[PDB]
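Each of two forms of one protein chain follows alone as structure tokens, named structure 1 and structure 2.
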Structure 1
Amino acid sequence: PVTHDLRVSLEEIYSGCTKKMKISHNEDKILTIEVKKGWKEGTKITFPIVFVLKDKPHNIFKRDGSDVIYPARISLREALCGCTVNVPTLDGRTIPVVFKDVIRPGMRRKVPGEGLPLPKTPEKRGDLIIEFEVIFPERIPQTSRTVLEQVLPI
């Protein structure tokens, strides 16, 4: 009744992949493992041994079921005065997504259909969620404080 962790990258989950696994008991044998589109953490593939699919951490995206989250690290200036976010896609395109209104700390903007394939309807994808991280200045001179007091509301 034996489990071993099968680590799968976001890209593997987006497109599917085949994974080959070596064993010894004492004959060296190969178990092959089709990983179909959009399969979730925990998914069990058993072998008369139980491979349990784990999401490999990715540094651009955080998986949220079939959705994919994108941290957008912008300046406070960008957040107050406007900016363009070049959203990366899982297949390596970039989408400019223009923001005219004030962006708020932790604000989300759904980029529809740029997520993972939903396992059972893999022609239907989840979403890419922009998640804004507004980076404050470490320090503000007395010069700036005095202007900021005049132009920002009480």
Structure 2
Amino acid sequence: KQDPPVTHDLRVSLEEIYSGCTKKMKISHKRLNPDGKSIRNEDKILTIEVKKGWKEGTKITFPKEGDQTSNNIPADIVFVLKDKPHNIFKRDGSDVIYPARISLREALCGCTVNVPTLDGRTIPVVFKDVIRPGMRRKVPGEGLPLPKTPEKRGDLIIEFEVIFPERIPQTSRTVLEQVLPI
């Protein structure tokens, strides 16, 4: 009879996933006293080395490190890696999505998007085909290191949102009726 696993969410930010980092988690668990008179309280440091590019849901288990409130086997402590909301990107496995907003005019007459990168630069990507709503374009190798092959990286994905007007003049309306494909 071993206590059922005790689960703790380990919130890591995207920059931490990018570089890999260290997390010290201090537990206070209950431990039978050196003499079985008391169930005491004890501190311990559990150090998790977050590998570069690990994915949400990765399990880091420290066996038997839960309470000994019982005369039975203490539960495993299982740290579960969660992604922390980013203010620019949305993570996606080893890819990072960049949401980019454009005018309808830009979606059909072309644009430049100056795309932020993980290392705080911007990358020009000019567009010259129709940009549909929800269209993705990969910028290869500008995502997160692949946790297994961390010399190699995934990609950065540009996902488009196309901003329409409310009002269109009469002349524009007649023209767009005559000229639009399908």
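Structure 1's sequence is the ruler for residue numbers, which start at 1. Between two forms, the rigid core is the largest collection of C-alphas that superpose within 1.5 Å.
- Relative to the superposed core, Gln142 undergoes a C-alpha shift of no less than 2 Å between structures 1 and 2.
- On core superposition, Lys20 has its C-alpha offset by 2.2 angstrom between structures 1 and 2.
- Core-based superposition between structures 1 and 2 puts the Cα shift at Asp55 at 0.6 Å.
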